[PDB]
Structure formats: C-alpha cells, structure tokens
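Engineer: Model the structure of this input:
(chains A, B, C, D, E, F, G, H and I, ligands or ions: 2)
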Amino acid sequence: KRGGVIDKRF
Amino acid sequence: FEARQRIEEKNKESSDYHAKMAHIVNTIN
Amino acid sequence: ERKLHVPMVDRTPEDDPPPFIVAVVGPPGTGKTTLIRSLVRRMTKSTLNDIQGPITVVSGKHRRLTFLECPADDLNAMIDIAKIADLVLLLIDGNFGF
Amino acid sequence: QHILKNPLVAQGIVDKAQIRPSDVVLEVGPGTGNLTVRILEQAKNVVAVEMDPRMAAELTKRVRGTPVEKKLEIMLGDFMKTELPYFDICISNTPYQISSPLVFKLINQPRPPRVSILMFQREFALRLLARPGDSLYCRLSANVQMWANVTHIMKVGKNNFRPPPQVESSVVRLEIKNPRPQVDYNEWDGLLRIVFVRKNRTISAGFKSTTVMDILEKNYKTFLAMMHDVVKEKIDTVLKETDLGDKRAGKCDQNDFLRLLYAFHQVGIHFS
Amino acid sequence: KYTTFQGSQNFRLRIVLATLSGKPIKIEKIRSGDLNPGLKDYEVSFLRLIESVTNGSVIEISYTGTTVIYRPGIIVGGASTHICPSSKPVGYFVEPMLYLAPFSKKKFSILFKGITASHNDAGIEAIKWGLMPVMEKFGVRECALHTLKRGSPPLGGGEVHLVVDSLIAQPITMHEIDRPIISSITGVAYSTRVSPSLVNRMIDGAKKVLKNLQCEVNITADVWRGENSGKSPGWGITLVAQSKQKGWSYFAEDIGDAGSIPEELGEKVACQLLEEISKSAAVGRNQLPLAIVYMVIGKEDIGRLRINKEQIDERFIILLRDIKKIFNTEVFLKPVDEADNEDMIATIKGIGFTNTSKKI
Amino acid sequence: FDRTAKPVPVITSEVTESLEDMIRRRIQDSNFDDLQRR
Amino acid sequence: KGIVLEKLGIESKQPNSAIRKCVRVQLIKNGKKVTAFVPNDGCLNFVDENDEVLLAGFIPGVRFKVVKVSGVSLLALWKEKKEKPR
Amino acid sequence: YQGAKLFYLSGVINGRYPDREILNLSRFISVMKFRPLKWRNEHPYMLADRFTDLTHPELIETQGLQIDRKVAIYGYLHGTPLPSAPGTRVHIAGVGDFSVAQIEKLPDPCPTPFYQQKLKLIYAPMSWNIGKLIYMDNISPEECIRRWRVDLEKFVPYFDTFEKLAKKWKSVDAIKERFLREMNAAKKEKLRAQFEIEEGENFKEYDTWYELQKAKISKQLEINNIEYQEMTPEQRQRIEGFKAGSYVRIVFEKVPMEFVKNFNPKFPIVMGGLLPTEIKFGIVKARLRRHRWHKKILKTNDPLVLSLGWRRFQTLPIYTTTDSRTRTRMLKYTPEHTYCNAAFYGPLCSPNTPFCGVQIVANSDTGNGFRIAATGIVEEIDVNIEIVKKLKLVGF
RNA sequence: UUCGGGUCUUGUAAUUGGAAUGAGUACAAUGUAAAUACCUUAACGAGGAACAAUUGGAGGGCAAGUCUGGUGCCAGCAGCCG
Ligand SMILES: Nc1nc2c(ncn2[C@@H]2O[C@H](COP(=O)(O)OP(=O)(O)OP(=O)(O)O)[C@@H](O)[C@H]2O)c(=O)[nH]1
Ligand SMILES: [Mg+2]
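Structural biologist: Numbers count the residues shown, from 1 in each chain, chains lettered A, B, ... in the order given. Ligands and ions are numbered 1, 2, ... in the order given. There you are, the coordinates:
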C-alpha cells in the first residue's frame, strides 16, 4: 500500500 | 515461520487459479 | 458488412465548426512553402510572399482551413502537429524518393 | 425409484423459487438433498419431511457438521397425517402418487405459501394448466385454477431421472391467491362434479340424469327445512336464463360456472 | 493549491467528492468553538476507511484536530474488514463507500462490524432497497449487502458484508422527466432478541394508515432470534414504495426505542412514507444526493432528473454548492411545462469521469 | 526462496481449539471409529 | 466484423495453450457474442479491447479466426510488414 | 490504405505550382470527411494563432527580464468544449503545465461567408429565480429558501411532528395521482392508460445492431442540442463552456520568460486540456516493443523519450516478463521481435492510450538510422510495483 | 515391425578462370495527329552476378532458462525471456 494518515494529534 | 506463511499463500494462489480456469472453460463451451 | 464499424461519438459542433488544421509535413526543401502559397492563391486570389505560423483562410461557403508548415528539421515538432492535424499534406521528393 | 441426476435443473428450480434470505422454505422428500443444500444456502430456516428414516439420516450426514446444520430441521413421517408448521415457500420433489392430494393440501392449509415450485408428470401438468376450450381441460383444472394460478416453468426429460420413468415430468409454479376468493369449497366442488361427468356433454345433459336429480331434489328439500317434477322444472328454467345448458362444460370458463352457481342459489337450490 | 472548506458540514460528502474528482482539498475549523474540538472518533474511523480502499492517499490531521488536509489517490478497493465505533452504525460508513465502490481497480468486499441501526443514519434495508436500486438504474448491475448479523443499539453485535461485483467506466446518463407511477408498497419489519409479536403489532400500525390505499401492501416479517440476533433487543420497520414501471423506489425508516409502542412506530413510518411520496418527483429526498453525484460524474452529456419543489430545501443547496466548489459543475433548473404540478427538471452535464483504475 | 519440504505443523491455540472442538463434537454423537469383536 | 470484448486466456499460465488463443468477440451485425481463435499468443498481442476485427470460418465450439484487426491483416503484423493504425 | 490518393506536381513557376493540379488538390480537400478520433474527441485543444506578452514593462525593469511573464494566447478551440470557469489545468507542448488565469470569447476574425452573410478571406496574424440564488455564495442557503418561497451526515431527512402528520394523512387525497352507455368509454380509456403503464416499456426497428447504437448516440446528441438552445447564451456558456469553433482569448500566469524571448513563429504552440488522471504522477505499466525499423534493441534503465497524450518527456523504463504468470521478472533488453511488459515513472494516463518512444531528439546526434525506438499501449496505472529479478547463490 | 538387408564415385560449410546476356541508363533513328511504348541500335550496364522470387505446408535440436504433476534422475506443456 502507498500513503498513510499523518496523525499529530496529541 | 515465513516458511509456513508462504505455503498458505501459494496454496491460495493455486486454488484461485484452478477455480478461475474451470470458470473460463465453463463459459467458453 | 463492410458498412459495419465500432460505434463512436464525434464531438464536432453542429454549428460554426472550427477550421480544419492542415499540416504540411515533409523533409527540408521539398516545397512546403510554395505549396502553401499555391493553395492560398487559388483559394483566395492573393499571394503571400512570406508565411510564418498558422494561416487561416476561407475555403468555401461554410468551410475553412488552417495551414501549418511543420519545421522539417525538428522531430519534437513532428510529434505534436501529428496529434492535432486533421489533414496532412505529406510532401515527398519524387526524384530523391522517400 | 428414480433419482434426478441433472444439476442444472436443480439449480434452476431453486432460482425460480427466488427465496429471500428472510423467508423460510419447506422441503418434502428431499432424498439425496442435492437440491436441499442449495436451498439452505439461500434460506434462513428449512424444514424437511422425509417418509423413510434412512434418507433423513443420510441427509443429516450431508448437512453434517456444517454451519447450515443448525438452520436445517429434519422431520419424519408422511406429511399428510402431520400438521405442517408455517412455511413461506415450498419447493419439493413430491412423489406423484401423492401429488394431487398434496397440491390441494397446500391450498387448503391456512396462510398458504405465496409461491411453490413442484414437479408433476406431463399429463398432470397439462391438466393443471389446461384452460377453457383446451383439449385437456378437466374438472381438476377448473377447481385449482379458481383457487390459485399455476404456470409451467420448464419440462424435465425422463433421461435426466435415473432409472428413467416412462412418463416425462415438468416443473411448474403455483401461487395461491390472497385473499382466497369467497366461495365455499364444498359448493364449488359440488357444482364442478355434476357438470364434469362428461366435459363434452351439454350442462343440461349432466343435470337431467336420474341419479343426481334425486340428489339435487334431496338437497333442495333440506334447504326448505333450513314436487320432484317441480324441482326438474326449476332446474330446466334456471339453465335457460343462464344459457349454460346449451354450452359445453369444457368450453365454459370459470366465470361462467359462477353464473351457474348464483342462479341456482336464486332458485334456492345449493349443491353442497 | 487546496480547495478550502469550513466546519464538519458534509464531511463525508466533501471527502468522497474530492476522492472522485481527484483534486486535493482542505477542511478547516472543525468544531473549533466546542469544548471537545476537532474530529469525532467516527469521522477519524471514516478517514481510515478511505485509506483502506485507496492507494497513495495522504491524510493529515491537525495538532488540535480541527483541520484536515486530504490528497486523494486512486480507488483500488480489495478485501478488508472495518470495525465501526459505537458512535455510529455501519450504515454511516456503508453509505460513502457506495459512491466510490463501482469505480475501483478491484471489487469491494468489505466486512462492517458494529451497531447496525440508528435514528439518524441509513439502515440496512434502506441501503438494500432504498439506495442500491437507484444505482441499478445508473448501471451498477451487481450490488449486494449481505446481513450476517443484526446488531441493535447500544451493544450492537451485528455484521454486514458489502459486495459490488459491477465495475463500470461511469454512471449512465440519466433521463427521467416524468412522475413514476408507483405500483406497490413493500417493506421489511425486523426485530432482535424479542418475541415475534412486536413485529406483528408494528405491521398492524403501518397497514392501518395504508389500508385506504389502492395498491397492494405486503410487509415482510424478519424476526431475528438466537446467535445471529446481536447483543441487544431492538426493532424497527422499513416501508418502500416501488415503481415496477421504471424501477424507482421511495422509502422511509425509523427504529423503536425501549418502552415505545410497536403499533405507534408502524403508523408513524407509514405516515412518514406518504409525506416522502408527496415531496418526491422522481427520487426521494434521502435518495437525491446519490442521484445528483452520479449524474455529475457521468459522461460529457446532459442528464435530466425531475425534482419537486419540496426537495429543494436547505440541504439541497449545500450539496450543489459543495459540488460546484470541487467539480465546477452547475445544476441548471427549468420548470416543467405542466400545470398540474410545479415540478422542475434538473439538468446536469457530467464531467466525463472515467474509471481509470480498472486494468484492461 | 524455495523450500523442498513441508514445514512442520505448528500447534497454535486456535489449532488446539479446532482440534478439541472435533474431539468434543464427536462424543455427543458417540461416533467412535473403533475395533469391535468379530 | 466484431468488437473484441475480452481476452479470456490472457492470464493462463501455460504458453501457447488453446485457451490463450481465444478471444470473446461480439458481432456487429447482430450483437451476438462468440469466440474467435488467434493464430498464436504473439498474434494475441496485437489485439486489444475495443478494436475492430474481421472474422473468418475456422477447444470445441470455437469456429472463427481473426484475419484482420483495425483493418490490417494479423499475418502482416505478425510478419511485421505493417503497423496497426489506432 | 490501399488506393490512397497521390497527387503529382512537376515544377514551380514564379513560386507557384501548375494551376491545374492545385485545382484538383483544392477540390479534394474541400469535399474531404474526417474520421472521429478517440483522443481528439476526448480533450479540448487549440492552435495558437497569435502570441502576446501582457507583462507590464515597468515590472520587466524594476525586477528585470528574469521575472515570470503574463502572456495571452488566442486561437480557435477544438474537440470537446473547454470549461468557462478559470483554473482549468492545461499543457503547452514543449513548455509545461499551466492553469488558465482568464478566458473570454472574441468575434471570429475570419468569418466564413455563410456566417458573415447571416449577420478578409485570409487571417494570418503571426505572419427570484432560485437557480441564481443557488450559486450566489454570499447569500446563506437558509436565506435563499425564504426569499424565493441541516446537514447531509444525517441521512434521514427532516420530517414534521408525528401528530401533525397523522392529521395531514388521515385521508389519502392529493397522492391518488401517484398511485395506480357513455361511462363505458371512460372505463376503457382509463383501462387503456393503465395498460401502457404496466406493460408499455417491454412492448416499446433498426435493421442492424450497429444502427441501433448510432441511433442512441444521435438521439442523445439531439437532446443536448435542444437543451442548450432553450437556455440563454450566458447560461449555455456557463454550463458547457466555450464550444469548439469559438475564438477565445486565454491568459496565462507564471509562464517562463524564456518562452516569451524564445518565440519563433515557425514553431507552433499547441495547447491541450488535461483530464484529472493526466495530472497524477506515478508508475505506468505498459506493453512495449522495439520498433521494427530501429536497428538496436533497448536496454533496461536506459533513457527513452516517451510521448503520452499531450506531453513529451524522458524516463527510465524497466522491461519485464510475466514468467508464465508467476512473477514480474526484470529483463535486460527488449525482445528482438515481440513486446514486453515495461514499467516507468511518469504522468499517469487512461489505459489504452498509445504512445511511441524515441532515443534522440537533437539534430546533432541524428545520424541516418530510424529514430522511432519503441511503440506500445499503456495497460495499467498504479502507485507501486514489485519488480523482482533472479539472484543465484553459488557454492562448492 | 525389430532382426537387419541391398547398392557405388559420393560429399565438401573448399578454392579458382574467362566467355555470353538483358532488366536498366542512353546518342540516334523507326514508330506517332504530336507523344509514350515495341521492334532496332552507337556508348554504359554481373559474382553475394546485394541487378538481394515469392506464397504455403511438414519436421527437428538446444539452456546454471520458466510453468504444471508425481511411487526418486521422470513426464506434460512449451522455451524471442539464460
Ligand atoms: N524544379 C523544382 N524545384 C522545386 C519543386 N518544388 C520545390 N522546388 C524548389 O525547392 C526549393 C524549396 O522550396 P520551399 O518552398 O522553400 O520548400 P520548403 O519546404 O519551404 O523548405 P524549408 O522552408 O527550408 O524547410 C525552392 O527553390 C523551389 O524552387 C519542383 O517541383 N521542381
Ligand atoms: Mg519553407
């Protein structure tokens, strides 16, 4: 798979 | 471990291939 | 059966269609410029001493043409005119051959 | 005994049944159960009745140890003597020794199935579908048609069944009309039986026979409780106004027989 | 660079439309002023679902959670399982997948787990008989939502399997300028972990409203008991008005609460359905957004759909404005020539969308 | 890379549960494949 | 004449198998779907979907063979004396 | 095609060909008909008739010539209609991808005589209606509804209070229309209307299946024509955009200053619209062969100038085989006389888009050999690939 | 059909010599209403005589090559890919 969710929420 | 995993993978591919082949030969006739 | 073909849609407008793009493509010196001048004169009765870039001319009661002299020495030109040319006047030097 | 050996016809029978996942199917005499297993796949609950215990056990062995096993229910004994539980649809390989009672029991049962796909011998199937004026039109056709509508799905060759029966059979679909038409079953059958002694007779000819004319006279006096020549005169009249006496029984449609019944009720004479 | 939006309004719609159109979008100011700012859990789970069925997509959530950046990839689909958080039922997630499924490289086979019904989101029958038929008109020949397990709130326990075998280049152009004559009213009455009597009482209420009608009324009784009934007792009804003429459907749905009268819900949904019919011209209000989007992504050709004035409500306005911001397509409305009704024809030119993910 | 032989089977908890199911499942039906005096 | 609908045996692992050389084609005159044989897998290549194909009488039940694609002979392409116009 | 017309010209006099032959050529062009081409009918394009630089001269001075230039391109549109709204992505051959800053239609500078007389022969410059309130974004949607008279996450639409509705639908009137000696004619006429409702479509011919498809396309095309005609000219342009044949002014921003300086009117400027897939970049799976007249076979990871759609570019392809459909194995060189599966990174495009490859585009390295190196058809577009190669370990 | 039998200047993937000639080019003449062509003919025109004959059919053989199946080393399929 390519791409992903970038979760920088604390 | 990876030995066991690959074995499951190749078996699934072969079953899927054969299952498809009956379908093509089924439709063609 | 020779009448039968794959169905397709032609998006040409029903009214006021654009002038057809005519591409004059050939090796250097085969007479591309003189051909364009000759065609333009017969069609309009005016002689253009110099031609540069597209030339749109009236060709009929409801039909128009655009002449383009592709640069003979450039391959990159030969590609993009090929993708848009509705008609190609392929110039061939008879004495020299293909 | 024959067994069907064509998988395509079994699959077709299931598809025409078009069982919804919500609905529950009833099977009669599944036998081998090749048709059965497909039905379980598309049916929430399946009830099966089998005459022979061993077939049911073998059917248990076919559905054995499967998720569909919990959904499948197995019953034994002749379906007649038992009271069948509620079922939305019935698709089954009934023996023709019991086809004729079976089709009527399905109709008679309260809350009958909306659709059912059953197999009958070709001659029986034509009789089920025979329409007024058709050669095969019979008393049974008139009775079943008025209660329910029956249509011929396909014809199954004898060769497909093994050992091949001598007579061919055709899968047929029947749907019971809801609500059932409001006419007494006994009265309708009473009318049909007298008029179908010989379809090619005149309806008046059937009535003028001496034996039944006793029966109609006995019936009429019972209605009075609720002059045999007088009854003969009244019957001779009421046929004339209805005009049915001249017409052949076979030609007369279901609607015509109703004009026969109502006119008799006007006279005060009721078949049964 | 990014097409910018505001709030949580139409979050799913803005994501799918960007997904279909292939244009990156940015959604900001998501519940900024609330005590709990940013996305809800179900919205976050919704984005994870998009990542599963797409390839190359980039999804960035803010530190505060109030802003998302979305760069769509291609639709690839495949086999997967999604666990729905209890905040939303499966239908909340199944509905957006419906827009994207027919235009994927591989067939969608997604197993959804969680609560299966709610008061504000699409039910199972609603998708099965209320939205999926609309696609059948638009050219999605094969589409199925198998109900393995029903899960009523609050504990759920249900399972549904979404399978769409049909992969198409794009929806066919729509030509519906008439009022369909609806032939019959059907529906499904279902319950879980409770006696069958509740289903029977509920259909009794629906028929009481519908007995005056001139069309046949046949409501299926789907009583779920045993292992496959989920973890909580629940019960609800669906009523669908069908047009066998051109395969059109209008439907209404609600579920019952603890202590509610089964007869009362049945009468309400029946009365609810009649209002939907009164407000509908060719598709119901609950069906309209799917129809509008499908026409927009059709071929470079004018499709016509008849809409009633009642269907032009506040929701319909945002849907068109949302569509314009992403597709630049505008829905032109003209009156019908008839005087019996004041209906209008919605004419849309498709953007010439094509399913380029599917291998040839 | 390829392997000549079968990998040795692995007794995971799921394998035991599946096996132990069959061992229990059979016993309800009393279906024991046993030698009996002839 | 016909349209190439699908290449049924494209996947088939076995090269030059009888399945590999079969292509589903829909006749333009009536719209009935049928199968055609291609001379070899190399010739199976020049055919791609939505191309016009001229068929001629020839796995049982396959009674047709492709003699032209896009208005040029398959043998000409196979001998590679011409190039398919698109 | 066999039987293709071939005109013959002998010599040149006063810079002109023999009048007779030119007469024949002109007639042949006049009556010519053009086949529909897939690509030309699926993208909008225009050939620039004149070029102009709109950058303000002061900006050229205070910053310098290096500054990016605003330019205007004029010409006739072709193919599919170009959308009216700005921001559409478009490619200029040999320049790059740009976005239309503005677009506006101009009067035809070379009107055909039929067009002129309804209302110079040579043109060589180089040588409260709710519908409106929907799109007035300033007005809130709630404001829009009231003048002419909440959220889509909630699938169930708004319904009135239960009790009020019960009173509303106590009777079934107002919906009866939706549901299915002199009076006899009325019954049959009502009954006649019922029949066409219930069996009409199955019962409601062209000789060949081909004619049926052509009828469907033509009927749809006619439906388009009627619909646009009813609409106002502004409304028409707003939806379809600028149709082919319309003379349009198009302004671009952030064009390289080189393009302004490097302007030779001989070299044409070709503009081509881009579909959404064309914008995407990724791995392209394609089927490719060495061209027959090219002397040499190609090599893996060797530069090759491809021509996909409107764009020309150089990439490093990898030639592959399916290995009897078990794995995607890397090759070293293209097969001598057959295709092979090739993977390269570049702008994506719809499948079935043909292309050709060339190794040399500069004149200096032309030589005499054929310059067309490879031809192929793109098969699949994807964002990743799993090419593998055989590695063998050797021991004693 | 295995068993074998019948027969004698055969084979070369080897070298090498000078004689003939028209397809074609071409002064000219003939031919023709005027031309082209034919028949003629000064002068050129052959060794890969590259001055480069085609359309179909049958059958091999090869690999540190690739796929499938299994009472080991095999068999089937096939092999422009090592
Ligand atoms: N004798 C003769 N000369 C010709 C003929 N056609 C062209 N020419 C000559 O060829 C030369 C080139 O003519 P152009 O018209 O310039 O050809 P071009 O294609 O424009 O060449 P470029 O523009 O340089 O690429 C001119 O000197 C013409 O006299 C012909 O049929 N006979
Ligand atoms: Mg020139």
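Engineer: Run the chain-centre distance for stretch D:49-56.
Structural biologist: Averaged C-alpha coordinates place stretch D:49-56 at 24 Å from its chain's average position (C-alpha atoms, centre = their mean, to the nearest Å).
Engineer: which residues touch the residue sitting nearest the centre point of chain H?
Structural biologist: Nearest to the mean C-alpha position of chain H, by C-alpha atoms, centre = their mean, lies residue H:43 at 1.6 Å. Contacts of residue H:43 were listed using C-beta atoms under 8 Å, 6 or more residues apart in numbering or on different chains, and they are H:79, H:80, H:272, H:273, H:274, H:275, H:309, H:310. (C-beta placed from N, C-alpha, C; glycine too.)
Engineer: That one and chain G, how far apart?
Structural biologist: 16 Å (C-beta to the nearest C-beta, to the nearest Å).
Engineer: Kindly report the same for residue E:139.
Structural biologist: The value you get for residue E:139 to chain G, if C-beta to the nearest C-beta is used, is 17 Å.
Engineer: Ok, residue E:320 next?
Structural biologist: In terms of C-beta to the nearest C-beta, residue E:320 sits 35 Å off from chain G.
Engineer: now the strands: where do they sit in chain A?
Structural biologist: For chain A, the strands defined by DSSP state E occupy A:5-7.
Engineer: OK, now which residue of it is nearest to chain C?
Structural biologist: residue A:2 (31.2 Å; C-beta to the nearest C-beta).
Engineer: Distance check, that residue against residue E:78.
Structural biologist: 13 Å (C-beta to C-beta, to the nearest Å).
Engineer: what's the answer for residue D:146, then?
Structural biologist: Distance from residue D:146 to residue E:78, by C-beta to C-beta: 56 Å.
Engineer: before we move on, what about residue D:40?
Structural biologist: Distance of residue D:40 to residue E:78, given as C-beta to C-beta: 30 Å.
Engineer: Of residue D:146 and residue E:78, which one has the most company?
Structural biologist: Using other C-beta atoms under 10 Å in any protein chain shown, the more surrounded residue of residue D:146 and residue E:78 is residue D:146, with 18 against 15.
Engineer: list the contacts for that one?
Structural biologist: D:181, D:183, D:188, D:254.
Engineer: Out of those residues, which end up buried?
Structural biologist: Among the contacts of residue D:146, those classed as buried by 16 or more other C-beta atoms under 10 Å in any protein chain shown are D:188, D:254.
Engineer: On the three-state scheme, the residue of chain F found nearest chain G is what?
Structural biologist: Closest to chain G within chain F is residue F:2: 17.1 Å, counting by C-beta to the nearest C-beta. With DSSP: H, G, I helix; E, B strand; the rest coil as the basis, the three-state label of residue F:2 is coil.
Engineer: So what's the residue count around it?
Structural biologist: 5.
Engineer: Tell me how far residue C:96 lies from chain F.
Structural biologist: Taking C-beta to the nearest C-beta, one finds residue C:96 at 61 Å from chain F.
Engineer: For the residue nearest to the centre of chain H, which non-adjacent residue is closest in space?
Structural biologist: Residue nearest to residue H:43 in three dimensions, not counting chain neighbours: residue H:273, with 4.9 Å by C-beta to C-beta, 6 or more residues apart in numbering or on different chains.
Engineer: Measure how buried that neighbour is and give me the count.
Structural biologist: By other C-beta under 10 Å, the burial measure for residue H:273, its neighbour count, is 22.
Engineer: again with residue H:107
Structural biologist: When neighbours are counted by other C-beta under 10 Å, residue H:107 registers 7.
Engineer: Would you confirm that it contacts residue H:246?
Structural biologist: No. In this structure, residue H:107 is not within contact of residue H:246 by C-beta atoms under 8 Å, at 10.2 Å.
Engineer: Which of the helices or strands spans the closest residue in space to residue C:75 that isn't next to it in sequence?
Structural biologist: Excluding its sequence neighbours, the residue lying closest to residue C:75 (C-beta to C-beta, 6+ apart) is residue H:361, at 5.5 Å. Using DSSP states H and E, residue H:361 falls within no helix or strand.
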